[PDB]
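K.L.:
just the starting chains for now, same placement as in the complex:
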Amino acid sequence: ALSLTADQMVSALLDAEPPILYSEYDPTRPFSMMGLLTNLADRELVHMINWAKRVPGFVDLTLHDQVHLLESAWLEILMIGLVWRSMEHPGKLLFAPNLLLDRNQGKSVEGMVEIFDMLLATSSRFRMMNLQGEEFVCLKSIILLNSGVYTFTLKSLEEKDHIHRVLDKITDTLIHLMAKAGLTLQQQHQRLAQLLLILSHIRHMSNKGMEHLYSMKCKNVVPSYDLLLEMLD
């Protein structure tokens, strides 16, 4: 992983991309929104595990540290994927190609419209920046490696060092993408910062979302350490 070139980092990430899934509802029947969203998210998580194992550097970590990173990052990763898919659909969130919802549809569940609105504003920001696919895959990998790295022994010190080295490679890769597209050195640093600052907002959204999910007080909601460990092991 640490010997990959920038172009090789980009190809590895593009090749690891998970598929876009569909909502499971009978389209011949009349139009539970949270049920549909939960079932979709549960299926996405399985693909998320397979993706994570393909991000360079990730399978070099201990299984316990892989679980901790996914546990910290899984809702941020679902959210950045949602916002990316929704970028060319102003005013709507493309949960799936058969489940395109507006903010009015969000008002059906108490507390959801506020989350819908933050996600729509994020998609708006990505549109304004003209975010590219190759930049998006870099940012999603940065979420995976960064979100849990501050919340974890000699082995732990070695693991954190490695994670920071991999993050440095992804930064190099972003900058290389921006240099390729012709931006100046000033423009490169400015855009790097613009991109990474949106990650702060994605964290914020994930925390507001997790508050919603925990408030459900339900064993079939939020993947456990043990479920994540079973799927990763």
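P.N.:
In hand now; what should we look at? Numbering: from 1, shown residues only, chains lettered A, B, ... in the order given.
K.L.:
surely residue A:149 is in a helix?
P.N.:
No: counting by DSSP: H, G, I helix; E, B strand; the rest coil, residue A:149 is not part of a helix but coil.
K.L.:
that one contacts residue A:160, doesn't it?
P.N.:
Yes: taking Cβ atoms under 8 Å as the definition, residue A:149 is a contact partner of residue A:160 at 6.2 Å. Placement of C-beta: from N, CA and C, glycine included.
K.L.:
okay, the two: which has more neighbours?
P.N.:
Taking other Cβ atoms under 10 Å, residue A:149 and residue A:160 do not tie; residue A:149 has more neighbours (18 against 14).
K.L.:
now for the closest residue to the more buried one other than its chain neighbours: which residues touch it?
P.N.:
The shortest distance from residue A:149 to any non-neighbouring residue, by Cβ to Cβ, 6 or more residues apart in numbering, is to residue A:163 (5.0 Å). By Cβ atoms under 8 Å, 6 or more residues apart in numbering, the contact set of residue A:163 is A:57, A:61, A:145, A:146, A:149.
K.L.:
how about the helix or strand harbouring residue A:163: buried residues?
P.N.:
Using DSSP states H and E, the element containing residue A:163 is helix A:154-180. Across helix A:154-180, burial judged by 16 or more other Cβ atoms under 10 Å covers A:159, A:162-163, A:166-167, A:169-170, A:173-178.
K.L.:
just give me how far it sits from the chain centre.
P.N.:
Distance, stretch centre to chain centre, for helix A:154-180: 17 Å (Cα atoms, centre = their mean, to the nearest Å).
K.L.:
likewise for stretch A:149-159?
P.N.:
22 Å.
K.L.:
if we can go back for a sec, save the buried residues of helix A:154-180 as CSV, and put in distance to residue A:98 too.
P.N.:
Below are the buried residues of helix A:154-180 laid out as CSV (distance: Cβ to Cβ, whole Å):
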residue, distance to residue A:98
A:159, 40
A:162, 40
A:163, 37
A:166, 36
A:167, 36
A:169, 37
A:170, 33
A:173, 34
A:174, 33
A:175, 38
A:176, 37
A:177, 32
A:178, 35
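K.L.:
out of these, who's nearest residue A:9?
P.N.:
The shortest approach to residue A:9 among these belongs to residue A:173, at 4.4 Å (Cβ to Cβ).
K.L.:
who are the packing partners of the longest helix seen in chain A?
P.N.:
Longest helix in chain A, counting residues (DSSP state H): helix A:185-215. Judged by 3 or more Cβ pairs under 8 Å, 6 or more residues apart in numbering; DSSP states H and E, helix A:185-215 is in contact with helix A:63-85, helix A:112-129, helix A:133-146, helix A:154-180.
K.L.:
quick one: contacts for the residue nearest the centre of chain A?
P.N.:
Using Cα atoms, centre = their mean, the residue of chain A that lies closest to the mean C-alpha position is residue A:77, 1.7 Å off. By Cβ under 8 Å, 6+ apart, residue A:77 lies in contact with A:48, A:140, A:143, A:144.
K.L.:
what's the answer for residue A:76, then?
P.N.:
Residue A:76 neighbours (Cβ under 8 Å, 6+ apart): A:143, A:147, A:202, A:203, A:205, A:206.
K.L.:
a markdown table for these, including distance to residue A:2 and neighbour count?
P.N.:
Shown next, in a markdown table, are the contacts of residue A:76 (distance: Cβ to Cβ, whole Å; neighbours: other Cβ atoms under 10 Å):
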| residue | distance to residue A:2 | neighbour count |
| --- | --- | --- |
| A:143 | 20 | 21 |
| A:147 | 21 | 23 |
| A:202 | 26 | 23 |
| A:203 | 26 | 18 |
| A:205 | 31 | 21 |
| A:206 | 28 | 21 |
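K.L.:
chain B comes next; put it on the structure above:
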Amino acid sequence: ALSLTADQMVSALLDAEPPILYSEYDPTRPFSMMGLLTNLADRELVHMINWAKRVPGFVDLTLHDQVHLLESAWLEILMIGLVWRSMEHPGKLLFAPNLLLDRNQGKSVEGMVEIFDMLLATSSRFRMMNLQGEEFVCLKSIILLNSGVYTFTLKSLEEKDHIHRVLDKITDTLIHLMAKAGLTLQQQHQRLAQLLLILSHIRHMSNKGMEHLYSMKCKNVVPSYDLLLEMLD
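P.N.:
Okay, chain B now, added to the rest:
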């Protein structure tokens, strides 16, 4: 603000720095922790308002947008200040020079030790990076301008554009600081990214902290829109 040089941006920020306050308890009497922490934080907020009015670009915004940004960012700003003050005190949090607490002292309040631990790990990270004073003031200004900019009319479009232009100036300023200290171009971009990614974790902490404060269910806890508007107006 947008015509400031990098050196002028740095001096303006260093000159705007608020003072380090002391805890109000009688030091001759025997050793409520949350009472002491709340009273300190309430006094810090008043200085925070005066600081914010001195960050270049901030008073160019509407009063309502100034309130919204402070409302989003005030706990992150208290937290980054705490972690900076604690950097040369391994294992301790320097809430004030007369109130230096360890994680064991945090266990006295339900849910607090988890927050204490995240703040201590952040201070540890800043130590590992050897964060400098001039970098710290840049990052605190970036929190102020970025935390609320995704959650806000023609005026609103003009305000968001301005905020992003000011953020771009602070990015330039960070990079200039790093070039001055002798780092290579690679090292500059890498360190910029390292710094901005810690801001994601600071957001995370602020959200966990706000959950604690809201759970108190108390009108004397968390500054209202109206109190912030009164102090800013």
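K.L.:
the buried residues of helix A:154-180 again, this time with chain B added?
P.N.:
A:159-160, A:162-164, A:166-178 (16 or more other Cβ atoms under 10 Å in any protein chain shown).
K.L.:
just stretch A:205-224 next, same as before
P.N.:
A:205, A:206, A:207, A:209, A:210, A:212, A:223.
K.L.:
span of it from start to end?
P.N.:
20 Å (Cα to Cα, to the nearest Å).
K.L.:
contacts for it, please.
P.N.:
Residues outside stretch A:205-224 that contact it (Cβ atoms under 8 Å, 6 or more residues apart in numbering or on different chains) are A:38, A:42, A:45, A:71, A:74-76, A:79, A:111-112, A:114-115, A:118-119, A:122, B:203-204, B:207-208, B:211.
K.L.:
likewise for stretch A:115-135?
P.N.:
By Cβ under 8 Å, 6+ apart, stretch A:115-135 touches A:10, A:13-14, A:79, A:82-84, A:86-93, A:101, A:103, A:106, A:174, A:177, A:181, A:191, A:194-195, A:198, A:201-202, A:204-205, A:208-209, A:212, B:150-151.
K.L.:
can you give me how far it is from the chain middle?
P.N.:
With Cα atoms, centre = their mean, you get 13 Å for stretch A:115-135.
K.L.:
follow-up on the earlier one: so which of the buried residues of helix A:154-180 are also by chain B?
P.N.:
A:164, A:167, A:168, A:171, A:172, A:175 (Cβ under 8 Å from any Cβ of the partner chain).
K.L.:
which of those sits closest to residue B:28?
P.N.:
Closest to residue B:28, out of all of these and judged by Cβ to Cβ, is residue A:164, at 46.8 Å.
K.L.:
residues contacting the closest one?
P.N.:
A:149, B:194.
K.L.:
buried ones among the contacts of stretch A:115-135?
P.N.:
A:10, A:13, A:79, A:82-84, A:86-87, A:92-93, A:101, A:103, A:106, A:174, A:177, A:191, A:194-195, A:198, A:201-202, A:204-205, A:209, A:212, B:150-151.
K.L.:
so residue A:100, which state does it fall into?
P.N.:
Per three-state DSSP, the local secondary structure of residue A:100 is strand.
K.L.:
tell me the contacts of it?
P.N.:
A:89, A:92, A:93, A:94.
K.L.:
one more pass at 6 Å, please.
P.N.:
Listed by Cβ atoms under 6 Å, 6 or more residues apart in numbering or on different chains, the contact partners of residue A:100 are A:92, A:94.
K.L.:
okay, and the beta partners of it?
P.N.:
Beta bridges link residue A:100 to residue A:94 when assigned by DSSP bridges.
K.L.:
how near is it to chain B?
P.N.:
22 Å (Cβ to the nearest Cβ, to the nearest Å).
K.L.:
please apply the same query to residue A:108.
P.N.:
Residue A:108 is 22 Å from chain B, by Cβ to the nearest Cβ.
K.L.:
pretty sure that residue belongs to a strand, no?
P.N.:
No: Residue A:108 is assigned coil when assessed by three-state DSSP, not a strand.
K.L.:
burial count for the residue lying closest to it once chain neighbours are set aside?
P.N.:
The shortest distance from residue A:108 to any non-neighbouring residue, by Cβ to Cβ, 6 or more residues apart in numbering or on different chains, is to residue A:33 (5.7 Å). Neighbourhood size, residue A:33 [other Cβ atoms under 10 Å in any protein chain shown]: 15.
K.L.:
need phi/psi at residue A:33.
P.N.:
Main-chain torsions, residue A:33, degrees, to the nearest 10: phi -50, psi -50.
K.L.:
who in chain A is up against chain B?
P.N.:
Contacts of chain A with chain B, taken as Cβ under 6 Å from any Cβ of the partner chain, map to A:121, A:146, A:150, A:168, A:171, A:175, A:189-190, A:193, A:196-197, A:199-201, A:203-204, A:207.
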